[PDB]
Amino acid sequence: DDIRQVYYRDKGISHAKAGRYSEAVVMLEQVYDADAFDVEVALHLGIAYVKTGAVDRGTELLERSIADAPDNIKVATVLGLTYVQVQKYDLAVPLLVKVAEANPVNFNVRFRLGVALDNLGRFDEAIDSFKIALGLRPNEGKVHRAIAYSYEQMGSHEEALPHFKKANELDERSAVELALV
């Protein structure tokens, strides 16, 4: 059975890495096995299941993966980001903390970590994360806006206002620039 397993594994992972998610599901389903667990197969089929609309199914494979390989950052990134997308903000936080510590130049991860924290009512911590994201991309208007909103939710209107104004200044630079390309 090994020749057969390795055929569907290699072909499936190839499809998934190329963005051929549907063909990745078709192939990797024929090798994935919960008892003889393989993290690279579970990761790619998880990705493929989320991309093709089986988001609960996919996240469950990613959860089984992160249980088997707790320090795998590529799993943690997918799964943490996917949690924010379905508002499982509380599960998202520990994964995104760990990914941000390992890849400190990943803007999206730090941004979504802030969003998760803000949703959980941890406004000072969200702001901390938003400020680190802003260090990475200081011309991101959405980050000042997110920081303004977290302040406002604490009743810190004085600290919010300069952030709203800066976000507006930056959004004017940005969306106009993109439309002129």
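Numbers for residues come from their place in the sequence shown, where the first is 1.
> Test of understanding: from the entry's C-alpha B-factors, which stretch has the higher mean, 66-74 or 40-48?
Per the deposited B-factors, the answer is 66-74.
> Can you let me know which of the two, 146-154 or 29-37, has the higher average C-alpha B-factor in the entry?
Higher mean C-alpha B-factor: 29-37.
> Choose from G114, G121, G58, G135 the residue with the greatest Cα B-factor as stated in the PDB record.
Highest C-alpha B-factor among the listed options: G121.
> How does the C-alpha B factor of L91 compare with the rest of the chain: lowest, middle or highest third?
Answer is highest: the recorded C-alpha B-factor places it there.
> Lowest, middle or highest third: where is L81 by Cα B-factor in its chain?
Lowest third - that is where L81 ends up once the chain's C-alpha B-factors are sorted.
> What third of the chain, by the recorded C-alpha B-factor, contains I13?
Tercile = middle for this residue's CA B-factor.
> Could you look up the Cα B-factor of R173 in the entry and say which third of the chain it sits in: lowest, middle or highest?
Tercile = highest for this residue's CA B-factor.
> Could you place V109 in the lowest, middle or highest third of its chain by Cα temperature factor, using the values in the record?
It belongs to the lowest third of the chain when residues are ordered by C-alpha B-factor.
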